[PDB]
Structure formats: C-alpha cells, structure tokens
There are 2 protein chains.
Amino acid sequence: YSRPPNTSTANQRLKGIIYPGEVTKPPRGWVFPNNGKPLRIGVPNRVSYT
Amino acid sequence: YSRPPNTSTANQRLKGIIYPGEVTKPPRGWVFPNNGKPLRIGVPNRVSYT
C-alpha cells in the first residue's frame, strides 16, 4: 500500500493452485458441446483424384 | 496396505513443495566451498600460438 501501483506481468503472481481432479496444469477451458448441433464438416464432392 | 507393493517411479509421487526462499524448483544441492583450498586451474604454459 505504501508504494506506487506496480503494473507488471511479473507482479501478478500467485502460488501453485490445485484444480479438481488433483491436476496442477491449468486445464483448457473449452470442451466441444454435445447439444443438438454436431460438427458440420464440409467435404468437397470430388471428381478427379478421389 | 491391501495391495501388493507397487514399485514404480510413477508411484513415488508427492505434491508441490515450497523450499526456503519461496522457490519451487528444487534447488541444486552443490555449492563450491569457500575453504582454504581454491579451484586449482591448471593452465598450459604455451609457446606456440599464445
């Protein structure tokens, strides 16, 4: 509190955190959903070199 | 206790440990001593291409 506000990425620093599942690498947030919409892979209807 | 003794390097596993100095990489044990003996660097007494 007795300093200027130091804004550095090497200032914002925490200890090691334990996530659910006892992993310590921070898990990737995204997981592809299982809703009514699937992954609409477009595929070229190919004539030459099939 | 109700298992066979499982001896694997992936069995011997601990959590994250905090060392003195608030480091978490396990520090190297060796530090060269400051006794009465210094590091006796041998150096070739060189004649050609000095």
# chains A, B, ... in the order shown; residues from 1 in each chain; ligands from 1
>>> interface_residues(of="chain A", to="chain B", cutoff="12 Å", atoms="only C-alpha atoms", output="PyMOL selection string")
chain A and resi 14-18+22-25
>>> write_last_selection(atoms="C-alpha atoms", output="CSV table (one decimal), in the first residue's frame")
chain,number,residue,atom,x,y,z
A,14,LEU,CA,0.2,-16.5,-7.4
A,15,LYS,CA,1.3,-19.7,-5.7
A,16,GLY,CA,0.7,-23.1,-7.1
A,17,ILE,CA,-3.0,-23.9,-7.3
A,18,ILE,CA,-4.7,-27.4,-7.2
A,22,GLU,CA,-5.7,-33.2,-8.5
A,23,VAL,CA,-4.2,-31.8,-11.6
A,24,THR,CA,-1.9,-28.8,-11.4
A,25,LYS,CA,-1.5,-27.8,-15.1
>>> decode(residues="stretch 15-39 of chain B", atoms="N, CA, C and O atoms", output="PDB file, in the first residue's frame")
ATOM      1  N   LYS B  15       3.208 -33.983  -3.599  1.00  0.00           N
ATOM      2  CA  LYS B  15       2.599 -32.745  -4.056  1.00  0.00           C
ATOM      3  C   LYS B  15       3.696 -31.722  -4.323  1.00  0.00           C
ATOM      4  O   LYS B  15       4.889 -32.024  -4.288  1.00  0.00           O
ATOM      5  N   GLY B  16       3.301 -30.488  -4.606  1.00  0.00           N
ATOM      6  CA  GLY B  16       4.280 -29.435  -4.766  1.00  0.00           C
ATOM      7  C   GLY B  16       4.819 -29.004  -3.416  1.00  0.00           C
ATOM      8  O   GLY B  16       4.080 -28.871  -2.440  1.00  0.00           O
ATOM      9  N   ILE B  17       6.128 -28.791  -3.360  1.00  0.00           N
ATOM     10  CA  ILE B  17       6.817 -28.478  -2.120  1.00  0.00           C
ATOM     11  C   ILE B  17       7.406 -27.083  -2.248  1.00  0.00           C
ATOM     12  O   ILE B  17       7.891 -26.706  -3.318  1.00  0.00           O
ATOM     13  N   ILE B  18       7.341 -26.311  -1.169  1.00  0.00           N
ATOM     14  CA  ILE B  18       7.866 -24.952  -1.133  1.00  0.00           C
ATOM     15  C   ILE B  18       9.136 -24.957  -0.304  1.00  0.00           C
ATOM     16  O   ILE B  18       9.114 -25.321   0.876  1.00  0.00           O
ATOM     17  N   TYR B  19      10.229 -24.544  -0.915  1.00  0.00           N
ATOM     18  CA  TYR B  19      11.562 -24.554  -0.331  1.00  0.00           C
ATOM     19  C   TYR B  19      11.861 -23.193   0.268  1.00  0.00           C
ATOM     20  O   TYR B  19      11.109 -22.245   0.046  1.00  0.00           O
ATOM     21  N   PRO B  20      12.903 -23.067   1.095  1.00  0.00           N
ATOM     22  CA  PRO B  20      13.256 -21.744   1.617  1.00  0.00           C
ATOM     23  C   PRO B  20      13.666 -20.782   0.525  1.00  0.00           C
ATOM     24  O   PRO B  20      14.325 -21.155  -0.447  1.00  0.00           O
ATOM     25  N   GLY B  21      13.248 -19.532   0.694  1.00  0.00           N
ATOM     26  CA  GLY B  21      13.353 -18.531  -0.341  1.00  0.00           C
ATOM     27  C   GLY B  21      12.143 -18.434  -1.235  1.00  0.00           C
ATOM     28  O   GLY B  21      12.180 -17.670  -2.206  1.00  0.00           O
ATOM     29  N   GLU B  22      11.085 -19.196  -0.935  1.00  0.00           N
ATOM     30  CA  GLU B  22       9.837 -19.252  -1.705  1.00  0.00           C
ATOM     31  C   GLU B  22      10.072 -19.631  -3.166  1.00  0.00           C
ATOM     32  O   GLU B  22       9.375 -19.164  -4.065  1.00  0.00           O
ATOM     33  N   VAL B  23      11.050 -20.480  -3.408  1.00  0.00           N
ATOM     34  CA  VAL B  23      11.244 -21.058  -4.728  1.00  0.00           C
ATOM     35  C   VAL B  23      10.485 -22.371  -4.767  1.00  0.00           C
ATOM     36  O   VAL B  23      10.159 -22.949  -3.727  1.00  0.00           O
ATOM     37  N   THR B  24      10.165 -22.839  -5.968  1.00  0.00           N
ATOM     38  CA  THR B  24       9.519 -24.134  -6.095  1.00  0.00           C
ATOM     39  C   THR B  24      10.244 -25.094  -7.014  1.00  0.00           C
ATOM     40  O   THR B  24       9.944 -26.290  -6.984  1.00  0.00           O
ATOM     41  N   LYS B  25      11.153 -24.614  -7.833  1.00  0.00           N
ATOM     42  CA  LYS B  25      12.078 -25.513  -8.499  1.00  0.00           C
ATOM     43  C   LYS B  25      13.047 -26.040  -7.448  1.00  0.00           C
ATOM     44  O   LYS B  25      13.577 -25.248  -6.664  1.00  0.00           O
ATOM     45  N   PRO B  26      13.262 -27.351  -7.369  1.00  0.00           N
ATOM     46  CA  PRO B  26      14.137 -27.902  -6.339  1.00  0.00           C
ATOM     47  C   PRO B  26      15.573 -27.474  -6.558  1.00  0.00           C
ATOM     48  O   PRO B  26      16.140 -27.722  -7.631  1.00  0.00           O
ATOM     49  N   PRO B  27      16.171 -26.802  -5.577  1.00  0.00           N
ATOM     50  CA  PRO B  27      17.469 -26.170  -5.797  1.00  0.00           C
ATOM     51  C   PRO B  27      18.574 -27.195  -5.926  1.00  0.00           C
ATOM     52  O   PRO B  27      18.506 -28.296  -5.377  1.00  0.00           O
ATOM     53  N   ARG B  28      19.581 -26.823  -6.697  1.00  0.00           N
ATOM     54  CA  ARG B  28      20.755 -27.656  -6.837  1.00  0.00           C
ATOM     55  C   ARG B  28      21.498 -27.712  -5.511  1.00  0.00           C
ATOM     56  O   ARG B  28      21.687 -26.694  -4.844  1.00  0.00           O
ATOM     57  N   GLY B  29      21.876 -28.921  -5.107  1.00  0.00           N
ATOM     58  CA  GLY B  29      22.486 -29.094  -3.805  1.00  0.00           C
ATOM     59  C   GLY B  29      23.884 -28.519  -3.723  1.00  0.00           C
ATOM     60  O   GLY B  29      24.241 -27.886  -2.729  1.00  0.00           O
ATOM     61  N   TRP B  30      24.680 -28.719  -4.769  1.00  0.00           N
ATOM     62  CA  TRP B  30      26.089 -28.354  -4.739  1.00  0.00           C
ATOM     63  C   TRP B  30      26.278 -26.848  -4.776  1.00  0.00           C
ATOM     64  O   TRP B  30      25.609 -26.139  -5.526  1.00  0.00           O
ATOM     65  N   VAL B  31      27.186 -26.367  -3.939  1.00  0.00           N
ATOM     66  CA  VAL B  31      27.737 -25.019  -3.986  1.00  0.00           C
ATOM     67  C   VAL B  31      29.222 -25.165  -3.708  1.00  0.00           C
ATOM     68  O   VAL B  31      29.594 -25.855  -2.756  1.00  0.00           O
ATOM     69  N   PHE B  32      30.067 -24.564  -4.549  1.00  0.00           N
ATOM     70  CA  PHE B  32      31.512 -24.747  -4.420  1.00  0.00           C
ATOM     71  C   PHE B  32      32.005 -24.119  -3.123  1.00  0.00           C
ATOM     72  O   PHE B  32      31.612 -22.994  -2.802  1.00  0.00           O
ATOM     73  N   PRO B  33      32.834 -24.813  -2.346  1.00  0.00           N
ATOM     74  CA  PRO B  33      33.149 -24.342  -0.999  1.00  0.00           C
ATOM     75  C   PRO B  33      34.096 -23.162  -1.011  1.00  0.00           C
ATOM     76  O   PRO B  33      34.805 -22.910  -1.985  1.00  0.00           O
ATOM     77  N   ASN B  34      34.095 -22.434   0.098  1.00  0.00           N
ATOM     78  CA  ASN B  34      34.973 -21.287   0.285  1.00  0.00           C
ATOM     79  C   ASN B  34      36.025 -21.568   1.338  1.00  0.00           C
ATOM     80  O   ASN B  34      36.369 -20.693   2.134  1.00  0.00           O
ATOM     81  N   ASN B  35      36.565 -22.781   1.349  1.00  0.00           N
ATOM     82  CA  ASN B  35      37.582 -23.164   2.317  1.00  0.00           C
ATOM     83  C   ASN B  35      38.925 -22.555   1.934  1.00  0.00           C
ATOM     84  O   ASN B  35      39.038 -21.695   1.056  1.00  0.00           O
ATOM     85  N   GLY B  36      39.978 -23.021   2.598  1.00  0.00           N
ATOM     86  CA  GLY B  36      41.313 -22.581   2.255  1.00  0.00           C
ATOM     87  C   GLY B  36      41.806 -23.064   0.911  1.00  0.00           C
ATOM     88  O   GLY B  36      42.788 -22.512   0.404  1.00  0.00           O
ATOM     89  N   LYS B  37      41.154 -24.066   0.317  1.00  0.00           N
ATOM     90  CA  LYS B  37      41.580 -24.557  -0.982  1.00  0.00           C
ATOM     91  C   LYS B  37      40.783 -23.886  -2.099  1.00  0.00           C
ATOM     92  O   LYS B  37      39.545 -23.933  -2.093  1.00  0.00           O
ATOM     93  N   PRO B  38      41.426 -23.191  -3.020  1.00  0.00           N
ATOM     94  CA  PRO B  38      40.716 -22.631  -4.166  1.00  0.00           C
ATOM     95  C   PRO B  38      40.688 -23.648  -5.297  1.00  0.00           C
ATOM     96  O   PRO B  38      41.168 -24.769  -5.173  1.00  0.00           O
ATOM     97  N   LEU B  39      40.114 -23.231  -6.417  1.00  0.00           N
ATOM     98  CA  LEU B  39      39.994 -24.077  -7.596  1.00  0.00           C
ATOM     99  C   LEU B  39      41.307 -24.009  -8.356  1.00  0.00           C
ATOM    100  O   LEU B  39      41.621 -22.985  -8.963  1.00  0.00           O
TER     101      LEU B  39
END
